[PDB]
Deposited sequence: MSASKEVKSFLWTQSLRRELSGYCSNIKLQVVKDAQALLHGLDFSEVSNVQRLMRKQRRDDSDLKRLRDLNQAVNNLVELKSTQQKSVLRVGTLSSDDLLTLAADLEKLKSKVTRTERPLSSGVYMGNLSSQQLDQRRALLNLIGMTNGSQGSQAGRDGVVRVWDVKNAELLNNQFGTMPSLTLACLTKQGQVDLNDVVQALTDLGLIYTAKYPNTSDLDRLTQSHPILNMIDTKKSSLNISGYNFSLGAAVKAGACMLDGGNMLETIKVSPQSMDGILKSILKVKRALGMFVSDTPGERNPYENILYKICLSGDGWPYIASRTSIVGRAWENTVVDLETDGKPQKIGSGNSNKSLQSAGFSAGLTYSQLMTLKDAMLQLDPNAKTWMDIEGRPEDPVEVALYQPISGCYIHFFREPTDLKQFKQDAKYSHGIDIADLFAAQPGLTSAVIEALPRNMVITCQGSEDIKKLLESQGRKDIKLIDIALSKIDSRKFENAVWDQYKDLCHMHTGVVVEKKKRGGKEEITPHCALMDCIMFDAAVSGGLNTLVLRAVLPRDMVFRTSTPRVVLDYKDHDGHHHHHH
């Protein structure tokens, strides 16, 4: 059923496939020669930890950039732009659709590994429902695997490579290289007829003892390229064979990129392939579509991709409220909120025409931040003059529907704290949520903006929306008001000071803009 998709894709794309054994074995032997395999063991030890940080990530990345200096099979950073040539106008619509579906699927699978999910003080059903997602995606009260300052540094660091695999099995398994090649050759042949299972690897193990090391019924989620998964072994086995149509052996180029995708959409239409609305393991169509859109120059499956920054939906653009798919990602990202924690909220613009919305939980250092186009532009210029200093031409790019979707998804029975309950009340009540209880702090003007300078020095990087000169009639310039910076400084006003805390965004950055 998932091997059927794979089979049809082999035939259709067989003309882009080739023998690569010599290039692979060369990289394996070069790793066997150059690489510090005790550091391979060190990175594996770090992947056994349930909780990992920046020191673990640096070690992984350093080992990644050590492998990358020794292999000749690498993918280069290449942007890709697609138009009506070769691909039909109908084909680019489908791609755009499937890519934004993929976007949702991959963000809901991988992001909670870094962003985290709240597993503390919740109802019995909610925990059961959160546990089911975290069982599925491979995963105080906030549980996460990667506690990092920059989660973008987790991109493309976890892919599996045939040559690295072949080298790792040879050194760590303590047998000759050829034995390993002749082992994955027999595995590679199982794969020409079925996706290999537990019993398959068992009986080969009797003739090739190496295949013990490999873990068969482990997931491909929350693993590195240094681990001995079923997928890494199967992939490495596909490249040792003498031909022919093995999908792993695809190379992409600017000259070949469109045709592969055109051929992918032909199979998809013939068999009814689709991007899953579920988080978890990638299906055959999800896997190929991501690996090709990741780079316009390289080998989608088997190359070195650790040099590549960004995602597949970013590295490839289509030139032509919230989607059900976006709604899902948003609803999963918000499970990061502790509903029992103290929560600030602030807005810029009048409550019935908001242009900036923020929420802030000071103890976890997690925040919601987003934007909206105004309706009353004639009133927007007034607030640009005297309050927020936002230019509307920079709000054009704000993703629509975000205002209602966040206020709808807010934890029920949460208590929101605000400097002036007035407008916040008329906002939540309007967006359908009267239930949310509100505190009024009621500070004075001098005491609310006491830590205004302190907050902008530490956190300026988190909002770039405020450009316009703001005045205060007596005219003289003042600091423009950010909705986010307001929240932080109002918490500091009450606290009596401001700590150094690395803030974590609840929303993905891909969601704020279009």
**Q.** In sequence order, the deposited-sequence ranges that have no modelled C-alpha atom
**A.** 1-7, 147-157, 339-363, 518-521, 562-582
